[PDB]
Amino acid sequence: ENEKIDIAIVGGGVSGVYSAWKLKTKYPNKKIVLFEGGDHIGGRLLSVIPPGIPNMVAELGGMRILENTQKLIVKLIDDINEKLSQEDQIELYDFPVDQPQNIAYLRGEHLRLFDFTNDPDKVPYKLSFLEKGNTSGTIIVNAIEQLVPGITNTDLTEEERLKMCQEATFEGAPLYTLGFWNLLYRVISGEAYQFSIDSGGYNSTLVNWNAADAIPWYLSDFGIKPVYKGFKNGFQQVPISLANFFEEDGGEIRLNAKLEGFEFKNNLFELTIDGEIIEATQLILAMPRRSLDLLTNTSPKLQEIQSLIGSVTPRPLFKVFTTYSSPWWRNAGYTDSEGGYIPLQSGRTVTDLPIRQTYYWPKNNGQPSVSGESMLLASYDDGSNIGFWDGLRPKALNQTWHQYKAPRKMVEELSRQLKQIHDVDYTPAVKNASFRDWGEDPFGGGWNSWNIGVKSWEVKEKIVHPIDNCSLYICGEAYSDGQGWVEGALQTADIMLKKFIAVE
Amino acid sequence: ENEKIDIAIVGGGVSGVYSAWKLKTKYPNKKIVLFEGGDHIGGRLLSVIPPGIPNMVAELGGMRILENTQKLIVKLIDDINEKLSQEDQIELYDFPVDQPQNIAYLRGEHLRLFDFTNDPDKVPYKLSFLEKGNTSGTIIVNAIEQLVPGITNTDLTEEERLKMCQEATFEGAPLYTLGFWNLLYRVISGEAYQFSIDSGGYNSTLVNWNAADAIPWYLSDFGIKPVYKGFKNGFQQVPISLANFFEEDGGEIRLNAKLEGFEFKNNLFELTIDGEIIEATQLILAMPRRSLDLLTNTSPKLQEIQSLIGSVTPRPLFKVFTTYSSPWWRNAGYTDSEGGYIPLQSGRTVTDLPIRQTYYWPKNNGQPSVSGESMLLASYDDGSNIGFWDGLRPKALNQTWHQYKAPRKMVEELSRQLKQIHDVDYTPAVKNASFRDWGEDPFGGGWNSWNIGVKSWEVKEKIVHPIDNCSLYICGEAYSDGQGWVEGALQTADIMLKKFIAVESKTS
Amino acid sequence: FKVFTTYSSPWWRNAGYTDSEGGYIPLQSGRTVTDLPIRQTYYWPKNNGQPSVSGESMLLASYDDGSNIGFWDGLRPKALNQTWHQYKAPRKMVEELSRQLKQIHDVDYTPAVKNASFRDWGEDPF
Ligand SMILES: Cc1cc2nc3c(=O)[nH]c(=O)nc-3n(C[C@H](O)[C@H](O)[C@H](O)COP(=O)(O)OP(=O)(O)OC[C@H]3O[C@@H](n4cnc5c(N)ncnc54)[C@H](O)[C@@H]3O)c2cc1C
Ligand SMILES: Cc1cc2nc3c(=O)[nH]c(=O)nc-3n(C[C@H](O)[C@H](O)[C@H](O)COP(=O)(O)OP(=O)(O)OC[C@H]3O[C@@H](n4cnc5c(N)ncnc54)[C@H](O)[C@@H]3O)c2cc1C
């Protein structure tokens, strides 16, 4: 006879373990089990210590927060830290991106980021009278101000801008019916759009997704002077700590426990897990769209809510890290007008090559690596660039570097491109390499974007509890206002928990 | 009791109707039914007459053949024409692409195609010492010669090149394990690659697909001086005529008959179509990968051959046509050094804008439209460009223009870009517009490409009859040597038919 | 100093150019020069004087004199009456020749060197 539990939570990412923790506190007498199909808690948070670099943490998934905007993740870090020992405290460090000396290897030209404003004739993009001599940030924020006048006023919050975008029209059409790429193309040159792709480092951010959602999202990060923090001991400590709390409080976690499908019979969820049936009175799916899509053929209730599930598009992201006996990139700085050497050593170098983005990985205190065993985020790339790298394939953390080891041919092509980007013919050998392709099942993407014609403000409220008189719940980054962020996952966990507590 | 037939053929594209025609001739006493889920025969061949232009045919799908290379489609046109009346004959016309006066609007600069070889300083790409002053064709063919020495020798056929690629290695690795984009990146600059994307008109052709398959495929079209023919009365006449022949010969066609799934029980195929079960002793799926993927959840036999089905990737293609009261583009030609005017009027203009490719649509005799109601293939685009157009959405032929009508906002953005491309502030209003997005189910793509690490020469022979002692057959463009072509669909139909005739009993 | 290298194909022929009428002019006979230590590279003729246009082919990779010889030297660790193998070139010398040949011909990839031989005529007793 079948195992019977009160609350089944499927998905061991941050929203799943956060939800488990909250629900066990709210309902201490309920039998709550969280099921993860993979071999570890964390989902798209994957923190690994590089071999030979005990004071670094490579972030194959999520790596930083906007501490000034993202109140939920900042508050959760405090909620975790008030329970952890002094030894275990989560500590943040300042996370650099655009230092002026960093390289932009664009259309075969070696630029420094300061060339974008200081030497427009050198920038090999035919930018217009208004665009010329500006960063991608400046060009896109100004484009957004032309499209939604008043939106870039710095006195407004993300929430006030999201509201303005919900009521805004463009040539008589509601913003939620229009595409971000379509609208940007009305106000910037094709060359400004390509410059913004290339030098901004991302293909997926400027795609034709929902303009009403894209505009406030863009303004709060990639626009107005984004300020970031990283995690001394890895972002993944957040979900690992919440899992630990849930288990201390009498919750149960099952790893290697894939939900294969579920039926709703006799006012119960019948979950098929490892060819066994488990009965639960409530089911919470803490998982993105692709994870819901994979369950749909064996889960009749998901077949009833296709238009809700289909309201976002998964956006693959790819990261690969490489390590070296020395930070050889530091030799690709320059000599200033007073004869002082300016080292290349922190933040991001960009390129239109498939590498797209290279980070000089900081020490766990935020300081640059100036000597000894050092690390690149060799490539952080999206869009059509992922196919290039894919074709070359043949307290405590809970995953090792070795479990994500990169294949040799992929590493050799990375080494070739890093050399062309930095304009050197010799670099010390790669010692270690790891990678993650977040386009892979069950994730479908690193982030998920609202589709054109969707009203996010309706879908996000509906999909947390999508069928009336049915104890089915959904949470995570995918159907949030904070897409591409842990903040988004916590936002929808909070909306879902509020509904769950009102109903059950 | 369930309806019982001998041969079920599912898919009313070229390979399906060709297979139906051949099999009914071979087995006149068998009950052969062809099922098409859509409302018409043709699949990715969709020919429509524009309103106001009775002497034109817009090709929303396939539009031309390489008459010198593609012996199967040339022979099929003869096989069709030897049965058609003089009135109905299929007639071909010469189909232009690169005229030297045509525009390349690249990185904000207005070029003519002759600038690529005549004025390299004007071409806004930082091409290397060896690349500079050349077309994309020249750069990529030379890259391919560096990668597989001897392959571009003009004495070789596509078949001899495919063989060389099967035995070739690159740095000790078999070619079939390597990616086309990865290898091109070893021999051309990033700027030459982007120049080849932009000016060559296509994103999907230069993706990281199987190098062993991509190289000979590239050489036979986009490389060595590609020469093309169009169809006076539409490519779609080919599958329509074969359907007609099949029915005259006693074959049956059911339209609006979507196969929902099939089971194999008691040595029969049980086909679920419109909530009815039909029994068939042989089942032929004349349909691409995505169509097989959509059947897989309700078809246990397809679940057994996932690695075969998964051996290609669908490649979306998008086309939208616009019409005007006059061919306004002809005013965007130039005055030669002797004061003669050179009109812009035939072949293709290219851009890095989302339009990507614009064709000055020929009359049904191949001649340019020089006055009166005229047509563009306004945009023929692929890769990330399709998302841009998609987000703006809110003898006889057998489909109308109006069934594919384009929405206003899509048309207004096309008009904006056409104006920027041609460097004009005014054009006469669009009268009519039609489009097709071939990324949509059940097609998944306009073409399908062999994946890296696949041995095409094994999969193409295996997948036509993928389970031993099981009368399941597959044909079409998707698992062919001629991907992106009617030729490929006929190639695998012929491989499939040969296997079918060797294996199967001729009885009822 | 002379050093010869062989390849499965005459890859240099791909470093010609397209003339003003669209005809390809192959790089395939005589000498390419440089101020790099290679100094002189010959596209080695067949025994009838005709260029090698396909199959196993050979460069006089470097024919160099003066201070250039020290650069190559520091990388060291009918019938005819001597064999190629008796003058075999060491790997590190060959890898540096390959690097320079690539920079000279403006290519990032060439098929691997199959065989290499050299002679330094500054040596005793000459
Ligand atoms: C490359 C990358 C960079 C990012 N950068 C940042 C950043 O810097 N800062 C930031 O804040 N955010 C970032 N993010 C986003 C952040 O990582 C995510 O938004 C968040 O981690 C997702 O949490 P979630 O609760 O939605 O679920 P997920 O993390 O998606 O977890 C869902 C879980 O459900 C499981 N599952 C699915 N189906 C089943 C099933 N049938 N049975 C059992 N288990 C199942 C999966 O195995 C998975 O573990 C990044 C993401 C990626 C990929
Ligand atoms: C934009 C575009 C441009 C092209 N250009 C050219 C060119 O110039 N020249 C050229 O030679 N080729 C060209 N091609 C390719 C050519 O059109 C195709 O390769 C060829 O027509 C495909 O034939 P097929 O037999 O594989 O089937 P398809 O045409 O793919 O037809 C398959 C059929 O199966 C049906 N089907 C699928 N699932 C089911 C089901 N469950 N039940 C019932 N029916 C089902 C579909 O409705 C469809 O009609 C082009 C393609 C496109 C899209």
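Below, chain A is the first sequence line, B the second, and so on; all start at residue 1. Values below: all heavy atoms of this structure, side chains included; hydrogens, waters and symmetry mates excluded.
- Few gaps surround CG on B:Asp441; more than 12 heavy atoms of other groups in view lie less than 6.0 Å from it.
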Inset, instruction - Test side-chain hydrogen bond (donor to acceptor under 3.5 Å, both in side chains) on B:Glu131 and B:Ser128 and set out the steps. - result: CA-CA 5 Å; B:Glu131 290 162 0; B:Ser128 75; 3.2 Å; yes
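- Here B:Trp209 and B:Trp447 bring their ring centres to under 6.0 angstrom of each other.
- Among A:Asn208, A:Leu178, A:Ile452, A:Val207, the residue with the largest count of heavy-atom pairs under 4.5 Å with chain B is A:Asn208.
- Neither the backbone nor the side chain of B:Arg393 comes within contact range of chain A; no heavy atom of the residue lies under 4.5 Å from a heavy atom of that chain.
- Neither the backbone nor the side chain of B:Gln194 comes within less than 4.5 Å of any heavy atom of chain A.
- The list of salt bridge (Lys or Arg N to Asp or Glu O under 4.0 Å) pairs with a residue in residues 188-213 of chain B, not counting sequence neighbours, reads B:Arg107-B:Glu191.
- For the pair A:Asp352 and A:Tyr105, the tightest heavy-atom approach, listed with the atom from each and the gap, is OD1-O, 3.2 Å.
- The greatest number of non-hydrogen atom pairs below 4.5 Å with chain A, out of B:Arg416, B:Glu171, B:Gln417, B:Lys409, is found for B:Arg416.
- Counting heavy-atom pairs closer than 4.5 Å to chain B, the top-ranked of the candidates A:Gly179, A:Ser384, A:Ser189 is A:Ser384.
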Inset, instruction - Evaluate side-chain hydrogen bond (donor to acceptor under 3.5 Å, both in side chains) for B:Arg356 paired with B:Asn203, printing each intermediate quantity in order. - result: CA-CA 9 Å; B:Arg356 298 287 285 109; B:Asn203 298 56; 2.7 Å; yes
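- No other option in A:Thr313, A:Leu392, A:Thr177, A:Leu353 has as many heavy-atom pairs under 4.5 Å with chain B as A:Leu392.
- If you measure heavy-atom distances from A:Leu127 to chain B, you find no contacts under 4.5 Å at all.
- The residue among B:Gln420, B:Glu413, B:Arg186 with the most heavy atom pairs within less than 4.5 Å of chain A is B:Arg186.
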Legend entry - Residue pair B:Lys122, B:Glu109: steps toward the salt bridge (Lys or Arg N to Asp or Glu O under 4.0 Å) verdict: CA-CA 8 Å; B:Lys122 209 171 201 139; B:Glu109 301 281 357; over 6 Å; no
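- Between chain B and the options A:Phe180, A:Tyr125, A:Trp181, heavy-atom pairs under 4.5 Å are most frequent for A:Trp181.
- For a residue to count as touching a neighbouring chain, one of its non-hydrogen atoms must lie under 4.5 Å from one of that chain's; by this rule B:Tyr193 does not touch chain A.
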